[PDB]
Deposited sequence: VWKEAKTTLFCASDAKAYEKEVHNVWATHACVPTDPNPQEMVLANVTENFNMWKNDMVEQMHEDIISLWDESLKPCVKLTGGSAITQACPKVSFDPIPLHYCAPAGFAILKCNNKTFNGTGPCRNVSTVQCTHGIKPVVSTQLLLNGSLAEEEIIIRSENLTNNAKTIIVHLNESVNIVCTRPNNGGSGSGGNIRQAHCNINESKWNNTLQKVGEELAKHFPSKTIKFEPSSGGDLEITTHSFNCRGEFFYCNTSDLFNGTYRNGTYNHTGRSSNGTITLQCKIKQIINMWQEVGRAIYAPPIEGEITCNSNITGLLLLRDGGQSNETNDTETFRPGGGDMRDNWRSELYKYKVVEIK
């Protein structure tokens, strides 16, 4: 007795009420205390069809995250097409918290236990839980931060890999530490990545991509052009909006089981040139938000790159991928690809 239906979920967090961070302020009020200990009702002999690409759970998370930011991150000015809104935009404590989206009474959640599931298609290994796994609702483009990893091998996910327009989600097995910091220019920041570990990565990745492509020089190039949010690694570090230049990160061709990169430092590390912008393009809505100038002191963010968002060109013997992002729904497909809300009816 299982099927596919739409039900209004709810969130359960391990958030503190005494915490002044906006994620906790929102969580403790908008969310339920964690279980904190349910159990997986593992199932054999059963196979179900998942689709991380047409899943309501991702929209429900999307909406909550938007509302979270509405309360949390207030823009000084929110210009939505010739109409501007002003309001109190106080600097605040900001740092994502794991969220567990749970199913109402009478409903349950399916969990694919295939450690290689691409997030679309059948799955002979299933289970059941009331809540999900903790999910840091991290807004970022190009690079997926502080997410979960692929247990075994790298997994590649695309609604249609032959369509160059669909966004491709790379799930690493091994995270790459990344440390963006704004030292004591006040808007001038940077990020550090150890090439060595970035190399092993883009190799394993290229090798995985290569499996889906018969024999073409697989190249990684910077995002063609467009909005800074999408053409650079942009994210929110401590309420502040970092736009990290990535041209020295996605730069190298990996053909014939080989690996060759570009843009490095004598320490053996890749340095990204970031800026903390006030004028931003909202990921929640087609509009622009303006915030206050950076806070004082060291603004550093020690994150782990656990996933990638890419985009093939398509159109001879050379497939080139470019960093992508924009639709944050994908940032949350990368963590909800495993799940599927089922009706016990």
| query | finding |
| --- | --- |
| Coordinate gaps, deposited numbering | 185 to 192, 324 to 328 |
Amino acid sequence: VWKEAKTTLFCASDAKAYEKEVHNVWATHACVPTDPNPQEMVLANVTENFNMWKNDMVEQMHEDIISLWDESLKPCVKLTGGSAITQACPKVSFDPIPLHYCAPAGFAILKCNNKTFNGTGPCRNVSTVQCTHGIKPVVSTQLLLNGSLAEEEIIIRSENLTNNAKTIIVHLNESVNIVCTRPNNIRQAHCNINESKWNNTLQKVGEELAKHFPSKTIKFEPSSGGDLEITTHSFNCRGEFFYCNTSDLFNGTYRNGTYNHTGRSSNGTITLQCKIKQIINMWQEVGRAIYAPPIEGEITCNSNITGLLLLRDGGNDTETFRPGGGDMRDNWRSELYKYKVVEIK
From here on, numbers count along this sequence of modelled residues.
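Here the rigid core means the biggest group of C-alpha atoms that line up within 1.5 Å when the two forms are laid on top of each other.
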| query | finding |
| --- | --- |
| Segment of greater CA departure in 8 other deposited structures of this protein, 280 to 288 or 36 to 44, core superposed | 36 to 44 |
| Comparing 91 to 99 and 261 to 269 where Cα RMS over structures and residues is taken in 8 other deposited structures of this protein (core fit), larger one | 261 to 269 |
| Missing coords for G297 in a third or more of other PDB entries | no |
| Residue gap status of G315, at least a third of other entries | yes |
| Higher-B stretch (mean Cα B-factor, as the entry records it), 121 to 129 or 150 to 158 | 121 to 129 |
| Residue range whose averaged C-alpha B-factor is higher in the record, 66 to 74 or 42 to 50 | 42 to 50 |
| Highest-ranked of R255, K197, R182, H171 once sorted by CA temperature factor in the record | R255 |
| Residue with maximal Cα B-factor (values as given in the PDB entry) among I85, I178, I97, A103 | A103 |
| Third of the chain's Cα B-factor distribution that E207 belongs to, per the entry | highest |
| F250 - which third its CA temperature factor falls in, relative to the rest of the chain | lowest |
| Modelled-residue ranking by C-alpha temperature factor, third containing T300 | middle |
| Lowest, middle or highest third - CA B-factor, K216 | highest |
| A289 by Cα B-factor - lowest, middle or highest third of the modelled chain | lowest |
